[PDB]
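No Cβ is skipped: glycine too gets one built from the backbone with ideal geometry, and neighbour counts run over all protein chains shown. Where a number appears in this text, it was derived from the coordinates with a stated rule and is not lab data.
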Amino acid sequence: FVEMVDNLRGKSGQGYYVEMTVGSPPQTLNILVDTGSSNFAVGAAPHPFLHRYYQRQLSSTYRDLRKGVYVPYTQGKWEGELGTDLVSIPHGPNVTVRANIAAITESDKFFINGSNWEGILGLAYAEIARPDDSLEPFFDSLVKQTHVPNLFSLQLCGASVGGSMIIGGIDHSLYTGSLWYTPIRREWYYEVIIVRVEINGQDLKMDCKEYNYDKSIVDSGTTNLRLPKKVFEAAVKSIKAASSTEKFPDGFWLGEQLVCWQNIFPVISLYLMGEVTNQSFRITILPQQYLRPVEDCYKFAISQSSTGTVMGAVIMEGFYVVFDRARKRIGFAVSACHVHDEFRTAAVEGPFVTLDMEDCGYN
Ligand SMILES: Nc1nc2ccccc2cc1CCC(=O)NCC1CCCCC1
């Protein structure tokens with residue numbers, strides 16, 4: 001899959017994008033890779049932020065679905081006109097599919113000023129597609145229409161970021177050690193179950209049901225590791241107790257200010273439900289994952305949420321992540337490109353014994 005190695009680019013804090021082509025003749029666009037949404041949506045109008053946009057008038061293969069789509073969120077919106085057209089990934093499988101495309105015609109706080117992407121590829125399942133679950137997501141169309149195996153994997157490496165999206169397979173050069181798999185609880189977001197959290201090896205002794213209130217997802221379209229508040233404060237409570245060589249204001253635990261140089265911070269381990277009854281594994285991240293530079297200087301990349309846990313780039317940049325859709329599971333392995341110092345490396349370890357892992361899920 002050497003074709004697809006290094007097929008992801010971006011800028012710190014602006015997401016990871018892949019090159020795609022839409023229409024005939026092919027129109028090239030940079031498209032954010034997003035495992036926390038399910039719409040393939042592209043700029044279709046000359047927004048001043050945009051390098052380029054989908055020009056439906058130039059495409060002989062374009063078909064109008066004569067239906068609009070309105071997507072409000074926190075805190076912005078995009079909206080557009082639904083159609084289908086021919087889609088390829090130049091540095092992906094050597095195929096071309098007819099996919100749904102939302103031509104974005106109005107937008108608010110969606111596109112980033114200074115970014116190099118013009119659209120978004122929702123890689124999650126139809127249940128969270130807009131307007132409804134009848135709009136077939138891109139990856140579903142891809143798997144149906146070709147012989148591309150029903151999985152993809154992401155190596156996000158982290159001004160310019162790099163990475164790999166391996167479509168239809170796994171490149172073993174992108175990781176070391178073994179992959180460990182956690183069940184996809186339900187096919188809407190990439191939902192998983194966290195069963196135990198350790199700050200510096202120390203348990204948080206919270207009812208594990210709290211770690212998944214009301215869900216926990218894997219999301220390449222989110223920068224931070226995001227935790228339910230009730231879990232977040234207990235997590236912060238421990239993190240700032242483990243960090244007592246220096247002092248930091250309560251505004252920073254959001255965060256606001258920056259440490260600036262020319263070990264005091266604890267490692268973080270999430271235990272995830274395993275493939276076998278009463279069996280789990282753990283993924284361990286460094287401070288060099290939840291301490292992100294802005295523009296030796298760093299910010300605090302863990303924050304609170306009301307929609308559940310979000311395993312974003314903070315988590316994902318330490319690991320090679322396999323979205324094994326065919327077997328309803330997600331694999332984690334230590335990434336070959338993750339950033340480590342001489343004292344600590346990010347880790348994926350198992351098996352561990354954990355009882356009552358079902359009680360950790362919220363219904
Ligand atoms: N991953 C993401 N991608 C996004 C892309 C555009 C606007 C908002 C986004 C938010 C997230 C965070 C995950 C999330 O809350 N997803 C729920 C809906 C939000 C509306 C779009 C479909 C998915």
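For the peptides 130-136, 57-63, 81-87, what is the packing order when you average, over each peptide's residues, the other Cβ atoms within 10 Å and list the highest mean first?
81-87, 130-136, 57-63
With just the Cα atoms of the range 153-218, tell me how far they stretch along each of the three principal axes, in Å, largest first.
Principal-axis extents of the range 153-218 (Cα, largest first): 37, 31, 29 Å.
Would you mind classifying the range 73-163 by shape? Square roots of the alpha carbon gyration tensor eigenvalues, ordered a ≥ b ≥ c; an a/c under 1.5 is rounded, otherwise it is prolate if a/b is larger than b/c and oblate if not.
Verdict is oblate for the range 73-163.
Let a ≥ b ≥ c be the square roots of the eigenvalues of the Cα gyration tensor of the range 21-124; is it rounded (a/c under 1.5), or, if not, prolate (a/b larger than b/c) or oblate? Spell out each step's value before the answer.
Values: a/c = 1.43, a/b = 1.32, b/c = 1.08.
It is rounded, given that a/c, with a ≥ b ≥ c, falls under 1.5.
Cross-link candidates for residue 67: which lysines have Cα within less than 21 Å, leaving aside residues fewer than 8 places away along the same chain?
Of all the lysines, those that pass the test against residue 67 - Cα under 21 Å, at least 8 places apart if same chain - are 77.
Test of understanding: ordering 209, 109 by Cβ neighbours within 10 Å, fewest first, what list do you get?
The most exposed by this proxy come first: 109, 209.
Using just the helices of the chain, give the 222 nm mean residue ellipticity in deg cm²/dmol: DSSP H runs with n ≥ 4 each add -39,500 (n - 2.57), and the total is spread over all residues, rounded to 500.
Helix contribution divided over all residues of the chain: -2000 deg cm²/dmol.
At a 10 Å Cβ-Cβ cut-off, how would you order 320, 125, 73, fewest neighbours first?
Ascending number of Cβ neighbours within 10 Å: 73, 125, 320.
I need the shape label for the range 129-182. Rule: rounded when a/c is under 1.5, else prolate if a/b > b/c, else oblate, with a, b, c from the alpha carbon gyration tensor.
Cα axes put the range 129-182 in the prolate bin.
For the range 356-363, in order, what is each residue's ³J(HN,Hα) by Karplus, 6.51 cos²θ - 1.76 cosθ + 1.60 with θ = phi - 60°, in whole Hz (x at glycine and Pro)?
3J(HN,Hα) across the range 356-363, in whole Hz: 6, 5, 5, 4, 6, x, 8, 10.
Pairs 11/144; 109/299; 209/237: which are spaced more than 26 Å apart, C-alpha to C-alpha?
11/144
So for the range 149-363, what are the equivalent ellipsoid semi-axes in whole Å, largest first, each being the square root of 5 times an eigenvalue of the Cα gyration tensor? Display every interim value, and only then the final one.
Details: eigenvalues 134, 90, 48 Å².
For the range 149-363, the semi-axes come out at 26, 21, 15 Å.
Report relative contact order for the range 16-148 in percent, whole number only (criteria: Cα-Cα under 8 Å, sequence separation at least 6).
About 32 percent, as a whole number.
Which semi-axes, in whole Å and largest first, does the equivalent ellipsoid of the chain have when worked out from the alpha carbon gyration tensor as the square roots of 5 times its eigenvalues?
Whole-Å semi-axes of the equivalent ellipsoid: 34, 23, 19.
Cut-off under 18 Å on the C-alpha distance; same-chain residues fewer than 8 positions from residue 215 excluded. Which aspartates and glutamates are left, in chain and number order?
34, 127, 187, 191, 207, 233, 356, 358, 359
Would you mind ranking 349, 295 so that the residue whose beta carbon has the fewest other beta carbons within 10 Å leads the list?
Numbers: 349 15, 295 8.
Ranked by crowding around the Cβ, least crowded first: 295, 349.
For an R0 of 35 angstrom, estimate the FRET efficiency from the Cβ-Cβ distance between residue 245 and residue 207 and round to the nearest 0.05.
Between residue 245 and residue 207 the formula returns 0.65.
Send over the semi-axes of the range 148-275's equivalent ellipsoid, whole angstrom and largest first, taken as the square roots of 5 times the C-alpha gyration tensor eigenvalues.
Those come to 29, 21, 14 Å.
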